[PDB]
Q: 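Let me give you the structure first, and then I'll get to my questions.
Each residue takes its place number in the sequence, starting with 1.
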Amino acid sequence: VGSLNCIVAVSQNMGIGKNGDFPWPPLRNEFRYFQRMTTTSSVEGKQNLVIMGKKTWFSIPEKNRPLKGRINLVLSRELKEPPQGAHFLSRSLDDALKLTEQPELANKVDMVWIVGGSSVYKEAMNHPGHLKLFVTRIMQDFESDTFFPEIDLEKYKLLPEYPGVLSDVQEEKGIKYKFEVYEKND
Ligand SMILES: NC(=O)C1=CN([C@@H]2O[C@H](COP(=O)(O)OP(=O)(O)OC[C@H]3O[C@@H](n4cnc5c(N)ncnc54)[C@H](OP(=O)(O)O)[C@@H]3O)[C@@H](O)[C@H]2O)C=CC1
Ligand SMILES: COc1ccc(OC)c(Cc2cnc3nc(N)nc(N)c3c2C)c1
């Protein structure tokens with residue numbers, strides 16, 4: 001109902017996963033960042049909705065599923081019902097978005113966050129209108145089996161800054177990374 005946003009951590013080789021996991025060792029503050037960003041609602045009494053593919057839901061450890069304080073929606077054409085812990089199941093990105101507009105969640109959803117995987121990212125990226133990409137650039141190459149789609153710089157503008165997102169290069173476990181925000185409106 002508010003903003004449509006994507007959030008991803010990508011290596012310099014554009015990788016996002018490896019055998020059901022993140023291609024690098026776990027970054028606990030990257031994660032804290034991901035939690036803070038998708039969890040905070042710019043409006044009282046409203047909650048954010050997170051959309052993810054089926055493989056993304058199964059890659060999150062059980063202890064962490066469902067993502068707390070958010071409406072969790074899984075995308076699948078094969079599941080008959082939401083996985084255990086999940087709140088909604090949709091068969092496509094359009095229906096996930098049309099549901100937002102159901103008087104049910106009428107006034108319950110604030111921002112919508114696309115949290116993975118590839119398939120779900122590309123399709124949000126081609127979705128017309130206004131969208132923001134929140135990209136954590138992991139500054140090294142990592143052997144990966146899943147990639148993030150190409151960012152069209154003719155459509156996406158990298159922002160010079162954004163409220164609540166550090167602009168300095170971070171370092172954890174001896175790997176460097178930085179946070180970026182891209183905006184579109186076609
Ligand atoms: N570094 C990072 O930020 C992130 C990394 N990841 C990682 O990426 C991998 C998961 O990636 P990926 O393989 O791309 O998986 P996805 O999570 O996108 O799972 C794909 C499944 O989801 C369903 N689905 C996906 N897109 C759609 C759609 N548009 N409409 C309907 N159903 C859809 C389909 O399910 P069905 O087959 O059941 O139809 C499809 O098989 C793991 O490695 C995970 O750890 C994930 C998120 C962020
Ligand atoms: C251990 O907690 C996990 C493990 C795996 C896992 O998804 C692959 C997640 C979810 C997770 C974590 N950090 C992220 N970090 C960023 N920047 N973007 C994401 N989309 C993201 C996601 C979806 C959380």
Side-chain angles (χ1 to χ4, degrees), residues 1-23 30 33-35 37-39 41 47-60 65-67 70-83 85-102 104-106 108-138 142 144-159 162 179-186:
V1 161
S3 291
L4 178 66
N5 305 285
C6 307
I7 200 182
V8 64
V10 73
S11 69
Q12 179 187 335
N13 56 290
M14 301 294 280
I16 70 160
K18 182 170 91 191
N19 286 324
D21 199 1
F22 290 121
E30 196 295 298
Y33 163 72
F34 158 82
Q35 303 271 60
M37 295 283 94
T38 65
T39 309
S41 186
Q47 225 166 29
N48 290 331
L49 170 72
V50 310
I51 305 185
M52 67 191 102
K54 189 177 48 172
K55 190 182 159 160
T56 294
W57 167 264
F58 288 112
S59 310
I60 301 161
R65 253 159 37 196
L67 299 176
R70 285 145 284 179
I71 290 151
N72 295 220
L73 182 162
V74 183
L75 289 197
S76 168
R77 241 146 256 213
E78 289 189 347
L79 291 170
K80 279 184 202 141
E81 85 183 296
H87 315 289
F88 291 88
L89 155 76
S90 312
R91 300 291 165 122
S92 65
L93 184 82
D94 290 313
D95 320 324
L97 306 174
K98 331 185 222 286
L99 185 185
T100 236
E101 310 296 312
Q102 295 306 304
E104 353 160 22
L105 295 176
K108 291 182 180 180
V109 180
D110 186 11
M111 291 170 160
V112 353
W113 285 99
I114 284 139
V115 313
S118 309
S119 352
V120 188
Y121 294 124
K122 164 143 200 108
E123 149 108 61
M125 275 160 50
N126 86 6
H127 185 75
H130 183 260
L131 162 90
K132 278 210 270 297
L133 256 48
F134 295 68
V135 191
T136 306
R137 300 261 179 192
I138 302 275
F142 286 102
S144 299
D145 79 18
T146 171
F147 301 87
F148 181 72
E150 149 180 31
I151 312 187
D152 187 340
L153 298 175
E154 293 268 13
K155 292 195 229 147
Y156 284 87
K157 296 289 181 161
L158 177 60
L159 294 193
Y162 200 76
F179 306 112
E180 304 184 346
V181 4
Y182 293 79
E183 164 184 70
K184 188 175 192 187
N185 205 174
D186 81 356

Q: Sub-3.5 Å donor-acceptor pair from the side chain of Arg91 to the main-chain atoms of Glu78, do we have one?
A: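 Checking the backbone N and O of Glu78 against the side chain of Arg91, no donor-acceptor pair under 3.5 Å is found.
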Q: With a 4.0 Å cut-off on N to O distance, would you call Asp95 and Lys98 a salt bridge?
A: yes
Q: What verdict does the side chain to side chain contact (heavy atoms under 4.5 Å, CB included) test give for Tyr156 and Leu131, after you've listed the backbone C-alpha separation in whole Å, the side-chain angles of each residue and the deciding distance to 0.1 Å?
A: CA-CA 9 Å; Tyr156 284 87; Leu131 162 90; 3.0 Å; yes
Q: Just how far is it from atom CE of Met37 to atom CZ of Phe179, taken to the nearest 0.5 Å?
A: 9.0 Å
Q: Is the ring centre of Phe134 less than 6.0 Å from the ring centre of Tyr162?
A: yes
Q: In Å, rounded to the nearest 0.5 Å, how long is the span from NZ of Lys157 to CD of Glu154?
A: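 Going from the NZ atom of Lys157 to the CD atom of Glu154 covers 9.0 Å.
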Q: State whether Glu180 and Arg137 are salt-bridged, where the test is any N-O pair (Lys NZ or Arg NE/NH1/NH2 against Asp/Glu carboxylate O) under 4.0 Å.
A: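 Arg137 and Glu180: salt-bridged.
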Q: Testing the basics here: between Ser118 and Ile16, what is the closest heavy-atom pair and its distance to 0.1 Å?
A: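 Minimum heavy-atom separation between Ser118 and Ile16: N-CD1, 3.8 Å.
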Q: For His87 and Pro82, work out which heavy atoms get closest and say how close.
A: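 Closest heavy-atom pair between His87 and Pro82: O-CG, 4.2 Å.
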Q: Among side-chain atoms of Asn13 and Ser11, is any donor-acceptor pair under 3.5 angstrom?
A: yes
Q: Could you check whether atom CD of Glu150 has more than 12 heavy atoms from other residues, nucleotides or ligands sitting under 6.0 Å from it?
A: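 No, because the 6.0 Å sphere around CD of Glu150 holds 12 heavy atoms or fewer from other groups.
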Q: Would the distance check show the side chain of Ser144 and the main-chain N or O of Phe142 forming a donor-acceptor pair, the cut-off being under 3.5 Å?
A: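 Pair found, side chain donor or acceptor close to backbone of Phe142.
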Q: Roughly how far apart are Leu97 CG and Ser90 OG, rounded to 0.5 Å?
A: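 Output value for this atom pair is 8.5 Å.
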Q: Which heavy atom in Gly129 sits nearest to a heavy atom in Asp186, and how many Å separate them?
A: N-OD1, 3.4 Å
Q: Quick one: does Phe147's side chain get under 4.5 Å of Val10's, heavy atoms only?
A: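 Side-chain contact under 4.5 Å: no.
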Q: Compute whether any side-chain donor of one residue and acceptor of the other, for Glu30 and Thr136, lie under 3.5 angstrom apart.
A: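 Yes, side-chain donor-acceptor contact under 3.5 Å.
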Q: Where the side chain of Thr56 meets the backbone of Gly117, is there a donor-acceptor pair that is under 3.5 Å apart?
A: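 Side chain of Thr56 to backbone of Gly117: a pair is present.
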Q: Is a side-chain donor or acceptor of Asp145 paired with a backbone partner of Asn19 at a separation under 3.5 angstrom?
A: yes
Q: For the residue pair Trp113 and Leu4, establish whether any side-chain heavy-atom pair is separated by less than 4.5 Å.
A: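 Contact flag for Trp113/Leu4 side chains = no.
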Q: Roughly how far, to the nearest 0.5 Å, is the CG atom of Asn5 from the CD1 atom of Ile51?
A: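 These two atoms lie 11.0 Å from each other.
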Q: Do the non-hydrogen side-chain atoms of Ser3 and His130 ever get within less than 4.5 Å of each other?
A: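 Not in contact.
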Q: Supply the atom-to-atom distance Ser59 OG to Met52 CE, rounded to the nearest 0.5 angstrom.
A: 10.0 Å
Q: For a quick check under 3.5 Å, do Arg70 and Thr39 share a side-chain donor-acceptor pair by atom type?
A: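 Yes, because at least one side-chain N or O of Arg70 sits under 3.5 Å from a partner of the opposite role on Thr39.
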Q: Hey, what do you get for CG (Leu133) to OH (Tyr182), rounding to the nearest 0.5 Å?
A: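 These two atoms lie 8.0 Å from each other.
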Q: So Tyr121 and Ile114, side chain to side chain contact (heavy atoms under 4.5 Å, CB included) or not? Walk me through it.
A: CA-CA 7 Å; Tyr121 294 124; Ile114 284 139; 4.1 Å; yes
Q: Do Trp57 and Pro66 have side-chain heavy atoms sitting under 4.5 Å apart?
A: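 Yes, side chains in contact.
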Q: Heavy atoms only: give me the nearest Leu49-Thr100 pair and the separation to one decimal.
A: CD2-OG1, 3.8 Å
Q: Assess whether side chain to side chain contact (heavy atoms under 4.5 Å, CB included) is satisfied between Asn48 and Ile71, documenting all intermediate values.
A: CA-CA 6 Å; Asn48 290 331; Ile71 290 151; over 6 Å; no
Q: Can you give me the closest heavy-atom contact between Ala106 and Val1, atom names plus distance?
A: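 So the minimum-distance heavy-atom pair works out to O-CG2, 3.8 Å.
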Q: If we ignore hydrogens and angles and just use 3.5 Å, is the side chain of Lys184 paired with the main-chain N or O of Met125 as donor and acceptor?
A: yes
Q: Given side chain to side chain contact (heavy atoms under 4.5 Å, CB included), test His127 with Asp94 step by step and report yes or no.
A: CA-CA 9 Å; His127 185 75; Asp94 290 313; 4.3 Å; yes
Q: Would a 4.5 Å heavy-atom cut-off, applied to side chains only, mark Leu99 and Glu104 as touching?
A: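 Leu99 reaches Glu104 side chain to side chain.
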Q: Which atom names give the shortest non-hydrogen contact between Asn72 and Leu67, and what distance separates them?
A: OD1-N, 2.7 Å
